[PDB]
């Protein structure tokens, strides 16, 4: 999937996200919600936010941010050996939350954006390459599980 050199890059970048999981989590979800308003409708607890200020002022949104990035970090530290960690995720987003694979695409892009925004100039081309490949692997493995379930939509 990835070489050990590329995994090394991913984990180096992840070190930036661990220094402020809540600020990073928050900005990823705001970037998603503002850029793709339909994603907001999948969250009954956040569908009430209409402005970004409101979003920025929501402590519950920062909390969910932490939950998401904690789960992602766990998976990335497995360097592709994440079947155990991913099956459950895949299963709940397909059967319970009914999240199209496309939104995983969106959040993937929103991570890259936020890293460039918070770390201008020290999110290099090699680092971007490794991070993108890692997210792709994650997305691909999810998609495999969605297929088994026939979560067509």
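Positions refer to the first chain, counted from 1.
Novice: Which has the higher mean CA temperature factor in the PDB entry, 54-62 or 112-120?
Specialist: Taking the mean C-alpha B-factor of 112-120 and of 54-62, the larger value falls to 54-62.
Novice: With reference to the PDB entry, specify whether the mean Cα temperature factor is higher for 65-73 or for 87-95.
Specialist: Looking at the recorded C-alpha B-factors, 87-95 comes out higher on average.
Novice: Can you tell me which third, lowest, middle or highest, the CA B-factor of residue 17 falls into for its chain?
Specialist: Its C-alpha B-factor belongs to the middle third of this chain's values.
Novice: How does residue 79 rank on Cα B-factor within its chain, lowest, middle or highest third?
Specialist: For residue 79, whose C-alpha B-factor we compare with every modelled residue in the chain, the answer is the lowest third.
Novice: Tell me, lowest, middle or highest third: where does the Cα B factor of residue 39 rank within its chain?
Specialist: Top third by C-alpha B-factor.
Novice: Pull the Cα B-factor of residue 29 out of the PDB entry and bin it into the chain's lowest, middle or highest third.
Specialist: For residue 29, the deposited C-alpha B-factor lands in the lowest third.
Novice: Can you work out whether the C-alpha temperature factor of residue 7 puts it in the lowest, middle or highest third of the chain?
Specialist: Residue 7: CA B-factor falls in the middle third of its chain.
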